[PDB]
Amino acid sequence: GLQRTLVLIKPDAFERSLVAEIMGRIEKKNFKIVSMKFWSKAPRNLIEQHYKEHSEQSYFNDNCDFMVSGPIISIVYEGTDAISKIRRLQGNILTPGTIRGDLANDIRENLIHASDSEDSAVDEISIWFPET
């Protein structure tokens, strides 16, 4: 039933004034905020931990540089089937109706991260909320 998932609101959301728009979409599907931190600039080690599965890719450093270019919010959301449901809400830039489908048009500047699995959720929550 109940799950917790990790969401990042990305620097481009701040730049484009879409923070509340994104949070509102998750809130409207009835998911609750369990933990939340605002980072004026997230420490790079946290970002590199978060994206460690990508450490070998050509885009790794550039993506980290983006994620450090402005503020981030890290949020733990709770609700039924939260991991998959918030992943679906995130969507992609090809799918209207979703956060990325309605609001994003870039492979990197895509507004929001949501955990993609039970395993990744557990790990991302411990990165951003280790006092847990």
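For every residue, the number given is its place in the sequence shown, counted from 1.
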property: Average Cα temperature factor in the PDB entry - higher stretch of 119-127, 15-23; result: 119-127
property: Residue range whose averaged C-alpha B-factor is higher in the record, 70-78 or 50-58; result: 50-58
property: Within-chain third of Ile107 by Cα B-factor, per the entry; result: highest
property: Position of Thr98 among the chain's modelled residues by C-alpha B-factor, lowest, middle or highest third; result: lowest
property: CA B-factor placement of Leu2, once the chain's modelled residues are sorted into thirds; result: highest
